[PDB]
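S.K.:
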Amino acid sequence: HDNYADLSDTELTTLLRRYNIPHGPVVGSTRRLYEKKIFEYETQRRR
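Counting from 837, one number per residue, gives the positions in the sequence shown under the working numbering.
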């Protein structure tokens, strides 16, 4: 439901890679933590 929540696991993984952000397995249990990490980085580029 969150903008980043509509991204699929495969698309989320390629996004972290573009920003060179270390990550492990993506699962609904830790998917949210990953969505927040991309938001914090993308926020910087927006500022």
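Cβ coordinates follow ideal geometry from the N, Cα and C atoms, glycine included.
1. Please give the ranges of any alpha helix (DSSP H) in the stretch 837-873, keeping only runs that are unbroken, at least 4 residues long and fully inside the region.
2. Given a cut-off of 9 Å, decide if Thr849 and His837 are closer than it, judged by their beta-carbon atoms.
3. Could you tell me the alpha carbon to alpha carbon distance between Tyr840 and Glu878, rounded to whole angstroms?
4. Look at the Cβ atom of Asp845, then the Cβ atom of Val862, and state whether they are nearer than 9 Å.
5. Is it right to say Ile857 is buried, meaning 16 or more other beta carbons lie within 10 angstroms of its own, or is it exposed?
M.R.: According to the structure shown:
1. 845-854
2. no
3. 11 Å
4. yes
5. exposed
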